[PDB]
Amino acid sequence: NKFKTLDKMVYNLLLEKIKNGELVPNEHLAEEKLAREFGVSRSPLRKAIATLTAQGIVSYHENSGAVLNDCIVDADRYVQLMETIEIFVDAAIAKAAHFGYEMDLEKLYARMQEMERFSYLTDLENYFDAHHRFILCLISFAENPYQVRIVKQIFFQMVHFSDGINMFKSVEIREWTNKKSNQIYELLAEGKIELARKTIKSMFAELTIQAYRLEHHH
């Protein structure tokens, strides 16, 4: 909509072809036809494809070319992604508490407050991003950048291929999630680690229930 480079544009263009469904999973990407459609040379397009192969969205095979993977995320896949996120979060908190690391709780407070702010402003995309950044801060408490990057990739896939953000169209759900995030921050700051972990688990369980309620009656 408001691009600054030819590469990212093409990337975004291709990405939207993956989201609106103009390219179906298991389809071989016609790199030559795609470059003609965008009016671009193959140097940007190729680059885009490479990036989307790094994100697991496209798979290149030695026998065919680049193939597009099944990337659409229904409720069950959303819950699988959330289970991955939650094992990462719980293990992060457990490791930090066991080894006595210093948790950047001020950054976590800032992230929770950004959640509060975007919920007050009714900025849904920024609220989703802020919720994700709060979770990422929790995970970074493990001091494992590999895990942070993995969960960032998961968040990217959720944002671009799930309707999970629609859950936060409810002000009630947004405020409950903000309250849970603040409770987690407070328990961590007070040192009640097991209570914080069970609060994290409760948060994820309720959001899983709501993810399944998204599919039942939207």
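Sequential numbering from 1, following the sequence displayed.
ask   = Is the mean CA B factor in the deposited entry higher across 188-196 or across 54-62?
value = In the deposited entry, the stretch with the higher C-alpha B-factor mean is 54-62.
ask   = Of the two stretches 158-166 and 29-37, which shows the higher Cα B-factor on average in the entry?
value = Higher mean C-alpha B-factor in the PDB entry: 29-37.
ask   = Split the chain's modelled residues into thirds by Cα B-factor; is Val73 in the lowest, middle or highest one?
value = Middle third, going by the recorded CA B-factors of the chain.
inquiry  = Please say which third, lowest, middle or highest, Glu116 falls into when its CA temperature factor is compared across its chain.
reply    = Answer is middle: the recorded C-alpha B-factor places it there.
key: Chain third (lowest, middle, highest) by recorded CA B-factor, residue given as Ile93   = Lowest third of the chain for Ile93's C-alpha B-factor.
message = Splitting the chain's C-alpha B-factors into thirds, which one does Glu86 fall into?
response = Bottom third by C-alpha B-factor.
request  = Just say lowest, middle or highest third for the CA B-factor of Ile150 relative to the other modelled residues in its chain.
outcome  = Answer is lowest: the recorded C-alpha B-factor places it there.
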